Each structure stands twice: as C-alpha cells, then as structure tokens.
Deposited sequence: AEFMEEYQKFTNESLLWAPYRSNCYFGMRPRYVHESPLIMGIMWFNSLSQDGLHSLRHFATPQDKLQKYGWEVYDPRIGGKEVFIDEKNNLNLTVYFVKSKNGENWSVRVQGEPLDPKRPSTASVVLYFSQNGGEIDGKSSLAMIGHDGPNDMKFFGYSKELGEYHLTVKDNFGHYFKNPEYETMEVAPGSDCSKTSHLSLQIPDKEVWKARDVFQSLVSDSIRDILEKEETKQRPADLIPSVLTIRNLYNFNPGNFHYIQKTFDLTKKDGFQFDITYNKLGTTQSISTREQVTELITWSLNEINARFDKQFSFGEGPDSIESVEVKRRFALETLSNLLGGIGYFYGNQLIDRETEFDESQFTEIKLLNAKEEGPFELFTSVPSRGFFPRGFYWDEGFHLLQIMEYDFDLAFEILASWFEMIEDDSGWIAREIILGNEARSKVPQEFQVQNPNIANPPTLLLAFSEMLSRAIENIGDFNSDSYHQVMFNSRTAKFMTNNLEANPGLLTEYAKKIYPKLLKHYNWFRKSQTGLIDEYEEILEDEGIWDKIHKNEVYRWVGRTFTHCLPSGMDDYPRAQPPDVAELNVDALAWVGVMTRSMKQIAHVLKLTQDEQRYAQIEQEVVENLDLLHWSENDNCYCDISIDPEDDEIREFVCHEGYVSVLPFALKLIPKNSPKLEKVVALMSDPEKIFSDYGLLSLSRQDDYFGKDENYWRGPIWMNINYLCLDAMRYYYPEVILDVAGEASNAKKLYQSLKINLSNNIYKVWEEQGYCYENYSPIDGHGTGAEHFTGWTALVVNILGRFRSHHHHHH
C-alpha cells in the first residue's frame, strides 16, 4: 500500500498540469481539481474587420472550417506543440506547452505569424484566466500585482487545493497594431489596440466556460457607447475595456492585438510558478530550452514504444509515416480531458423490456457531481467520454503509455455507484458539456447498456502484465506485481458490480426454443444461463449493441438472442478470469474460465448456422413457432466471435470467417472491411452508418485476431501466401494506405470511410478509434515472451 501511494503520488504529479479542456482549441485546468481550479483558455480573431467577433475562435468546432488544427507532438506528462492554421483570420498560430521536471510549474508560449504578410489584418489574441472556488472556500483568489510596462503583467493567486502561485504574461516580441500618423489609436478610455488590454471581474465558477459570450457581450456594450471613424480604428473599437467599472475579481481577460502585415509575427509567454518552488521557470531562454528538451523527450518516448519500416504500405518515406503516426497519437492524447459536473439521468420513468417503441424520459433529474479523466472520440464533435469508444482508445494509448491507460480505466470505474453497476454510455458533465449536445440526447437511461470495450482493453493490458510478471518507466504496473495487485484489489469490486449488472440486465429467454432444441437433440448440451439479448432495442435501432442501425431481427421479439451480446459477455468473463488470476483467487478464476468456455460452446452450438456458414442472431419464426430462424446479416456482428478471439483455435469455422472477410462481393474492399455485406438487403439503406461504411475499431480487432489464430502471418517470408496471410497483408495495407491518403488530402482522421472510394465520412478529427492506425503502422512485440 505504501509503495502504491508512492507510485500514485508521482503519477498524480506528472499528470497534474496539461491542456485538459480538450473541447477548447487551447484550454487548461489541473487534473482532478474540482473545487478551486485555475482555468485558462485562448481565443483569437481578426479585429481589423467590422464583424471580426463572428470569427472569434474558442471551442473546437467543425463549423469554423480551419485549414488545420491539432498537436504535432504531445504527451500530457511532458507538454507539446499545437498548431492552428486559420485562413479566414490570416493567422498561423503555434502554441507550445512545457512543464518543470516535477510537473508543478508550467509555461505556455503563444507564437503567431501571418499566412499572407500583405493582407491587411490583425491577430487579436484574448487570454482568459479564472481562479475558481473563492465563493465556496472563502480564500481562493487571483489578482494582478504589477507590470513591467504596458505589455508584461504579474499576477498572484491562491488555490485552496494547489496552493499559492505566480502567474506572468510577458511579450518576447511582436508589433502591436497602430497607425503611426495618429496621435493615438484610442477611441474611448481603455479602447486602445496599441497596447495590451486587461480586464478583471467577478464571474460565478459555473459560468466561466461562457468566456467567449461574456467577451462579445462586453465589447458590444462598448461599441454601443462609442457610436451613441476610419477603418483602421476598428481594432481599438473591438478592444475590451472596463466600461461598467467592475471591481476586480476571479476572472481576467488579457487582449493583445498584433499587426499581421509584419512578417516575423509575435510571441508571448504565459508562465505559472508554484510559490516556493525549487524548479521555477524564470526566463525566456529557459522556456526555449524546455521546449527543445520536451519535444525531444516525446520523440524519444515515441521511438522507444513504436518502430517503423519501409512498406508494406505506399507512404512515400519511413520518416513521413513515423511523423504521421506521431501526430495521430499526439491528437489522441491531446483529446484527453478532465471533466466535472452533473449528468441528466431518468431513473423514475418505468422501463418495459418487452416493448420496442422509443422511450420518452419525462422524469429527468440532475445527478452528481461526477468527474472523469478520459480521452474523447473527437474534440470538435464529441469532446466527452463515450463508454464504448474508450476501450478502443485505450488499446492505442496502452501501447504508448501503459500507466496512463490504467489511470483512465480507473476513472471510468469510479463512476459506478453503490446501488448499481450501470455506467452511462455517454458522459455529459455540466452546462459546458451540454452546450455541445442536442437537448434530445442529453438525458441518460440507466436501463440501457453498451458493449464493455473497456474490459476488452483491460483484458489486453492484464495479458501483457501477466505475461511479463510471471508468478504472483511509464509501465510500472506492467512490470511490478506489487503495484498491479493493489490496483487490482481496488478495482475488482467495481468490475464485479459492472459484470453482474451487465449479465443480469441482458439475460435472454432460453426457455422458448426448448422444444426446438430438444428436437435438434442439443438442449441437454447447451448452457442455459449463458444466453443474451440486447435489452432496449427499438423497431429501427439497437443502441445497446453500439452499432445502432446494423440490421437486426424483424419484427423485434423478446425471444431474440444476440450473438454479439453473448460474445461481449465472453470478453468480460475473460477479463474477470485474468484479474482473479492476478489476485490469486483460484476458485473464482476457475469459475470464470468455465463460464468463458460455456460462452464459447453456446456460440458454436446456438449461434452458428451450418447452412449460412456464419454466426447469427437467433429468433423464433414469427409464423411457424416450431422453427427457430437464423437472422444472418453478414457483417461486423458475424465476425465479432472471430474478432474477440472466442472461436476455438483450429476450429473449422475459422476458414469460413476468413473467407467471409476476404470476399470482395461481401465485406472486403480496397479500403478495409465493410460493416455490412454488399449483398445484404440493408446495404446502403437509410442513414447508412453501420450498413456499409468502414470503421477502424472493428477492422483493428479483426487484424489482431488474425495474428492470434494464424501466428505465421506476422512473418514476411518469401514464398506462397496462405489465405490468412493474403487477407492479413492486404487489409493492413489497405487501411494504412487509405487512412493516410484521406488524412493527407482531406486533412484529418474520420469516424468512418466510404465503401465507394474510401473517402472520409462522419465526424472529422476523429482520434478517436481511427488513431488505432498508429498500432497498425508501428506496434512491435506488445507480447512478452523471452529473450535468452
């Protein structure tokens, strides 16, 4: 326990400070600080135009249509470099983040330059800071204590949680906008674009996220005052000022308007030093060497974890492939955020498992606070925790930073409350998070489950730890049985609660079929307790399966048994077996081992269709009742038993699944595996999400499964390619080539890809499970054997 607290202390300190407000282009708050956090964000716009406030950047949104934004290099333990290309605002913005070795001090360098040096424009950068908590704790504060000329400012702050600190904003260079042939640029007292403007005021903690709206509102009131006039005084008109004579408070705006016709651009530093620190960040030169050191250290960590060769993809060079992989991983890590607040949950409205109409949640309530440290599918579209997405994020994160993956996993399972094992599918905390979500999707339903991909990720992590440790650094939990055992003892009761909850809530009705299964002569050899159905499906959708519009049995029936629901129970059971092994719980381990084998046997006995050579959902013939029908829509659901490694090794069924995945007339394409066979009735129909398009998450599992079932495919030996090798190689090549190409051309990683011509579709900046392309390119010997 003492060793664990020593490890957890260091982990905490290394992850305390980072740009964890991932919904912002650049926003910061300290990890796990909910009462008195220092909150920071950066906004910018072109103040030279009359309607520059309409192009004010703050939150990441696809509606901004930036040419490019994201981390080129990033690791939240260290820092990184983020770039924003904004053609509308003529701005080429780079933001560096670095930290002291103990992680308690930090600096942000904002560096801008024009995209076109002869386009008349300005870069009006607005920093805001808020020391929260004062209204609650009666002590937390942040005050400007002085300045060195107009453009360098010194602040003193107190956070009850993090202690006293100094915050400084200082210019290194940059030409402030001004017409030299005027006596002054001022148009009103405080409205002067020729120097830094600062405004302090009191904003309630819960309203701090509205920094852009408050800014626009205050500037609008100043404009109203002014006009109740040359074009080059507009920047001064759009400079914030203390019009209403607010008393100083927790919140601070700092506005700097630079002339973008000067080619060299600008640079200023924002530095935070804990009071009494032995590692103060003190000079511009010190920041410059920290940035150089930090970027090198991240490149070194990346090179230790991944390795890249020439081929088999067609990416022009190994240097370019590696850089692509680094940027993609950096954006996945850069989506990691810290969230705190209430969910909207409806527990009162009655749930009827035998009805299939959409449900009206009319008894919604504020519940919480909750908190969560998690990666996100997309900073623009989906800047929040998604339960089923996170398992896939962790499969990528774990390959780079094993211990970080354990931090995120633990955070998720902290959300399990005492009376229930339920975890919401989508985690929306507070008004800031709700602002990105249509009201119709905000209210969560505690009767609805989702695929437990977190436990698939946990299974893969425990597999590596168990392999490496034998008998019972960013990978201490992989190598140290003492540390792993303490982590496991803490989390076990939570996983168990979740496991029991999932199994009960999704229990199928085996008692129908009995007469039918007796007639087939297999009723006696199936395991009646291991059959499952997705509870809460509707006529046209099945949200609990994670693949909403993947075709299901019609009409819906309470006797349906879903092959993918059973497969997921298999995966959960496997993870329980592994954590039981780690805890030396022999009798529990052997129970889970047998349950896993019973899942395996039910998949082959019940869900395998000899006629269709496929795993299928099953249902009772609505006409006949004496007949049970195999609902067979060939696609991701059909391959899931393969992709989750539940089919017995050497099973004759393996070859048929491989044949399914290799067939160009079904789900094989030049751009990866299609979610649904081209020959299916539903292919291309309706919203067309899981009815054709290629998704990286399932594609990656299939590749991983190939290596498990056909271990020879990992060797590239000259000779005759087996069917398994042909598939493995071409799929890996097709995914790598296409995801890169779309990223190179269309700009970024996408939620899914077109079966037509492989073009990117769905949400943009999807890192996101599409970041699993990093592993496909660079993963090497994640398994641990022996090097005698």
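Numbering the deposited sequence from 1, one finds several regions with no C-alpha coordinates, namely 229 to 234, 479 to 495.
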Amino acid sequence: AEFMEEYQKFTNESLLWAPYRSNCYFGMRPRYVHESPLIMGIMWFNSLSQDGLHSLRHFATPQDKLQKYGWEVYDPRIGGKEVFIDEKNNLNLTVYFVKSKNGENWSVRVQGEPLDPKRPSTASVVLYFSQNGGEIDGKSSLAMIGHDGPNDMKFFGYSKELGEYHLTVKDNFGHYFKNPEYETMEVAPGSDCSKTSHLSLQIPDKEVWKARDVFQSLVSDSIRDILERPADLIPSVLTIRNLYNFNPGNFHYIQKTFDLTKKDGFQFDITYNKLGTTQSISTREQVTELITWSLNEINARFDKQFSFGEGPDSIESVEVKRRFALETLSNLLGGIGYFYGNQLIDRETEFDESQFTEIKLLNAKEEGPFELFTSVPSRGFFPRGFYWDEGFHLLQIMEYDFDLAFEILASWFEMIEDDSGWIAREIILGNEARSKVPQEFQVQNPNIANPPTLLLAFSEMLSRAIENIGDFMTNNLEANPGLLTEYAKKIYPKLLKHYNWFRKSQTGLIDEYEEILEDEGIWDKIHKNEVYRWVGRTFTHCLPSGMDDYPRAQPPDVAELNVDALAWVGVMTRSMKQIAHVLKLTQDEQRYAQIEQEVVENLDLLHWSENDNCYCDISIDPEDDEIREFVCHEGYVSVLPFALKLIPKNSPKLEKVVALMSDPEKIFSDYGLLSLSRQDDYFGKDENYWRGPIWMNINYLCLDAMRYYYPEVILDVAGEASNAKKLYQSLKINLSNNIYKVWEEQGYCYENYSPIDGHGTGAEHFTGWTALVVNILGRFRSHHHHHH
From here on, numbers count along this sequence of modelled residues.
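Legend: mean Cα B-factor per stretch from the PDB entry, 504 to 512 versus 293 to 301; the higher mean is in 504 to 512. Look at the mean CA B-factor for 456 to 464 and for 119 to 127 in the entry; the higher one is 119 to 127. Between the residues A705, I408, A479, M572, the entry's highest C-alpha temperature factor is the one at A479. Ranking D403, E432, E367, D621 by the C-alpha B-factor listed in the PDB entry places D621 at the top. Among all modelled residues in its chain, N92 ranks in the middle third by Cα B-factor.
When the CA B factors of the chain's modelled residues are split into thirds, the value for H393 lands in the lowest one.
Sort the modelled residues of the chain by CA B factor and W769 lands in the lowest third. The entry lists a Cα temperature factor for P377 that places it in the lowest third of the chain's modelled residues. When the modelled residues of the chain are ordered by their C-alpha B factor, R229 lands in the highest third.
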